[PDB]
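Here's a solo chain for you in structure tokens, the form deposited in one PDB entry.
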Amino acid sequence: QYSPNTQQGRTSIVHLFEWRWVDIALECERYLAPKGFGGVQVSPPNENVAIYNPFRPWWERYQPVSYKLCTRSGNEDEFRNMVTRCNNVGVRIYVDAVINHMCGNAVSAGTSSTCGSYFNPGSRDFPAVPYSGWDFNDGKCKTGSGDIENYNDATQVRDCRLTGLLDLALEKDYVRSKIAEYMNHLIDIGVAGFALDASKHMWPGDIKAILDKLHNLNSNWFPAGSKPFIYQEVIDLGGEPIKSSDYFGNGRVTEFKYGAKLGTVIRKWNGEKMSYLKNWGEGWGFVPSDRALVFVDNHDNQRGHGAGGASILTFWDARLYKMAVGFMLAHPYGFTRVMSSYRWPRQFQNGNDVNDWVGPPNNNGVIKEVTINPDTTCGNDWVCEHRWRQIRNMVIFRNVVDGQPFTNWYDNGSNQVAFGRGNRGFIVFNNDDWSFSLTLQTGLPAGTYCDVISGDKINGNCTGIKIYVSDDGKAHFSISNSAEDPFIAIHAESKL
């Protein structure tokens, strides 16, 4: 459960938030495969409630109606097509599995679903699964409202409804088997793993029971005995009775403290500085690296909908965001996931964005296709951060330095730091309000290297900054606090 099952050489997965299946299949072939991306995290592929008020928000996909592969992203045929094509090119598919609950208990009964499936939240009836009143733990929850009211009570956090979402009785073998049937269907199709949504709201033992019913990966693409990659979404920022370490026996866990602390450091909040990142990782109280799933921002907290708060960096803070993602992709801690979003009309009323529910670019509810501009950027409101040179090149940087130790660390006691990865890579950062000009030890072999942040290595030449490393591995770095990208990265494969 702990290995991503990516092709040797690929070290990151990208979350193509709300992308259609056909667009992902194309992206796998035309860009993800050639640029060295290990895999893609897709949005929930199972039927969800169609919410028209507000108009088709992104969170409607976290309110299941059934397990049919029928969503705004496409149907089962298109989904299968995408997994085959992506797998055939070495790019794995990870599914966002919403198995802790069904839709909101207050949702209207009828056929307002993405596949026309009938459902009645009031009577706990979901015939398309099928599920009934006996499959929910309305009788198990002990709160007066039936919802979770106190996170200091680990019991209600797991047995009560998260903001009204009908809670499934995961202790029942019937329910465990219905969820496993859904996941095994996806595994046999070709998926390599799953992101377990709201894992904090499920008992570690109930999850284990379910994972015990799952098949090994499809032997047509994976070696015999391959187990699905599992990363549990547990928001543990400390202070609660529930700990993310309680889920270690099931697989990896999302480390939400990672993006939160990186944000406050890069933003220089509370007097924090980049020089403190010297012992970044377990030294900061994070979970063990071999159990961590890290990211800068996620679909939730990028719109103030998740843990992290106001410190979280997103594409909106382009300059600082590129620097944070760059540090993450260069540092050895955990397995990295890159975010890929879409633009929405942010509208801060009282320090709050009242348009944080807005769903993906669409035409009367129909998701817009991802169009590629001549410069490789995306159109139709898709941000495509994974296509930004600075990020795309750092993804490759991680692949090239995979396995190399953390060394040659340098810092000015402020916000000017640098470090290398064995003898395969070196990165320098300038987050101070002044210029950086100094000769540093890179531990790299002598030669001329192309800076992969400002440019690219094309045709035996660099399109951006060039760095000259001497015989003793020393090289001079000059970064003005006025540079578009205040950091420089060079590696073995960017050498001339």
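Sequential numbering from 1, following the sequence displayed.
- Stretches compared: 464 to 472, 43 to 51. Higher mean C-alpha B-factor in the entry: 464 to 472.
- In this entry, 145 to 153 shows the higher mean Cα temperature factor of the pair 246 to 254 and 145 to 153.
- The residue among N137, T163, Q302, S289 whose C-alpha atom has the highest B-factor in the PDB entry is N137.
- Per the deposited coordinates, the residue with the largest Cα temperature factor out of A33, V452, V65, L444 is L444.
- Per-chain ranking of the deposited C-alpha B factor places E233 in the lowest third.
- For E29, the recorded CA temperature factor ranks within the middle third of the chain's modelled residues.
- Annotation for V22: CA B-factor lies in the middle third of the chain's modelled residues.
- Among the modelled residues of its chain, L438 has a C-alpha B-factor that falls in the highest third, as given in the PDB entry.
- Annotation for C70: C-alpha temperature factor in the middle third relative to the rest of the modelled chain, per the entry.
Omitted here: the form deposited with a partner chain bound. The next part is about that form.
- Proximity to the partner chain in the bound PDB entry, defined as a heavy atom within 4.5 Å, holds among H305, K208, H185, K273 only for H305.
- Among the residues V338, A330, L165, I242, the one placing a heavy atom within 4.5 Å of the partner chain in the bound PDB entry is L165.
- Taking the partner from elsewhere, no residue among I93, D290 and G403 has a non-hydrogen atom within 4.5 angstroms of the partner chain in the bound PDB entry.
- In plain terms, the part of the chain that comes close to the partner chain in the bound PDB entry, with a heavy atom within 4.5 Å, is 50 to 58 out of 32 to 40, 457 to 465, 442 to 450, 50 to 58.
- Taking the partner from elsewhere, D300 is found to have a heavy atom lying within 4.5 Å of the partner chain in the bound PDB entry.
- Using a 4.5 angstroms threshold between heavy atoms, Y62 counts as touching the partner chain in the bound PDB entry.
- Contact check for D197: a heavy atom falls within 4.5 Å of the partner chain in the bound PDB entry.
- In the bound PDB entry, at least one heavy atom of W357 sits within 4.5 Å of the partner chain.
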